[PDB]
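The block underneath contains the structure these notes are about, expressed in structure tokens.
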Amino acid sequence: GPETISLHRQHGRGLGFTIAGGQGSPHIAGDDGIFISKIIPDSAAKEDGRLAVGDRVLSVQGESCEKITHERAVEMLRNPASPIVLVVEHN
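Residue numbering for the sequence shown follows our numbering, starting at 17 and increasing by one per position.
See below:
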């Protein structure tokens, strides 16, 4: 099921994950989803522990990540608001 994960920004470091996928650059053939591709150590994402590599990102700040480009997804994830609220599906 969809799970809500709020990550708090901290000065001088990033949220601690990268994404792959999107319309026009799918991570999996015929699946345009946005997926967590890496979780980087000693970060908000790592310490929080909920986010996992392979998670499908359904939303960022309530905005949908279905059928969007990679660029759009990165743009949503650079919103300087804090926390950044993700909704994801674990695999």
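Cβ coordinates follow ideal geometry from the N, Cα and C atoms, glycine included.
Next item on the list: Report all residues from its chain with a CB closer than 7 angstroms to the CB of residue 41; omit the five preceding and five following residues, and keep chain order.
Entry: 86
Checklist line | Cβ neighbours of residue 119 in the same chain (closer than 8 angstroms, five flanking residues each side left out) | finding: Limits of the chain in this structure are 17 at one end and 107 at the other, which puts residue 119 out of reach.
Check: Considering only residues of the same chain and omitting the five flanking positions on each side of residue 62, which have a CB-CB separation below 8 angstroms?
Finding: 32, 55, 56
Notebook entry, point to check: Which residues does DSSP pair with residue 72 in a beta bridge?
Noted result: 51, 105
Check: Assuming residue 38 and residue 84 make a contact with CB atoms under 8 angstroms, what is their CB distance in whole Å?
Finding: 6 angstroms
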